[PDB]
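Here's the structure we're looking at; comments come further down.
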Amino acid sequence: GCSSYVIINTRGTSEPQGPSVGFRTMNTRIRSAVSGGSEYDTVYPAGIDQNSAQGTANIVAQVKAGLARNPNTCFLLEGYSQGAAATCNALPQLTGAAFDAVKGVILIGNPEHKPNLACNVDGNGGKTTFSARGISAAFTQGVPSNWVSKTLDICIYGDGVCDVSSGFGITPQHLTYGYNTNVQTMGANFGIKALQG
C-alpha cells in the first residue's frame, strides 16, 4: 500500500484555522498505524456565509501539488460540515492520477448527503440515515458514483445538516462526531484499510 500520504482535513463552519474537531482521534490512530503520513488543514475561511469555494480550490491544489512533488503520494480527504461540501465539490475535479491517488474520503455532517449511496452510514455503522437528504442536497451533487466505493459518509440520526428528516439545521447531534467512539473507530478502520489495501 501507501508509503507516503497526506490527510487533507477540511473543517466545519466557524472552526478556527487548524485541524477540525471532527477527525483528531481517528487521525492519531491512522498516523500511528501507517508511517510516512502528514496532514494538510485546508486553508479557507470556514465562514458563516458557507462559501467554501476557496476550500475546494485548495483541496484540489494540494492533491495536484502533492502528486507533482511525488507521484507515489496517497491522500485521504476528510470533510466536516461546510468542509464536507468543499470535499464533495473537489471530487469531480480529481480525475486520472489524482483520482487514483485519493484512496479514501471520510465525510461527517455532510450538507450534500445524498439518499441511498453505499457509502452512507449512521454513527453506529447502521442504516438509520441511509436514505437521508442533507440540507443542501436539493441543489448539489455530493459524492459522485465513481467515488462511492472509497467514500464513508457518516450522518448521525438527528443531525439536521446531513438528514433534514431528523432535525432542523445545526442540531446538537451535528457537533458530537469528534468524541463519538464508534465514529472515530469506523473512520480509523476505513482510513487504514484505504492506505494499506
Neighbours of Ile108 by Cβ distance under 9 Å: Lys/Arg at +1, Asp/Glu at -1, summed charge -3
What is the Cα centroid distance between the stretch 41-72 and the stretch 127-197, reported in whole angstrom? 20 Å
Might you list the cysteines of the chain that have no disulfide-compatible partner by the rule of another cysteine's Cβ under 4.7 Å? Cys88, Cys119
With 5 Å bins from 0: P(r) over the stretch 1-65, alpha-carbon pairs, percent: 4, 17, 25, 22, 18, 10, 4, 1
Dipole in debye (nearest 20) - the stretch 38-197, about Cα centre, beta carbon charges: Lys, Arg +1; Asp, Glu -1: 380 debye
How large is the dipole of the stretch 3-91 about the Cα centre if only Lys and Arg carry +1 and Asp and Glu carry -1, each at its Cβ, rounded to the nearest 20 debye? 260 debye
Run the numbers on the stretch 1-79 and let me know its relative contact order in percent, using alpha-carbon pairs under 8 Å that are six or more apart. 47 percent
Helix axis angle, 53-69 relative to the chain longest principal axis, alpha carbon, degrees: 20 degrees
Within the chain, what percent of beta bridges assigned by DSSP are antiparallel, to the nearest 5? 5 percent
With Cβ to Cβ distances under 14 Å as the rule, what net charge do the other residues near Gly123 carry (K, R +1; D, E -1)? -3
Would you pull out the residues with amide H under 5 Å of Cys74's amide H, same chain only if 5 or more places away, H placed 1.01 Å from N? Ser4, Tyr5, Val6
Angle between the Cα long axis of helix 24-33 and the longest principal axis of the chain, 0 to 90 degrees, nearest 10? 30 degrees
Output the Kirkwood hydrodynamic radius of the stretch 5-129, Cα pairs only, in Å rounded to one decimal. 14.8 Å
Taking a 22 Å limit on the Cα-Cα distance, which of the listed pairs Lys64/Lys114; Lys64/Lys103; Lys150/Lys193 fall beyond it? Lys64/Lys114
Can you list the residues, at least 5 places off or on another chain, whose amide H is less than 5 Å from the amide H of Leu152, using H built in the peptide plane? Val105, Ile106, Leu107
Counting other C-beta atoms within 10 Å, and keeping those with at most 16, which DSSP coil chymotrypsin sites (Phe, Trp or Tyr not before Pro) do you find in the stretch 122-189? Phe130, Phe168
Note, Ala46: beta-carbon cut-off 12 Å, +1 each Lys/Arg, -1 each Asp/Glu, net -2
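Every read-out reported here was derived from the displayed coordinates using simple, explicitly stated rules and does not represent laboratory data. Counting neighbours? That spans all protein chains shown, and the Cβs are built from the backbone with ideal geometry, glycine included.
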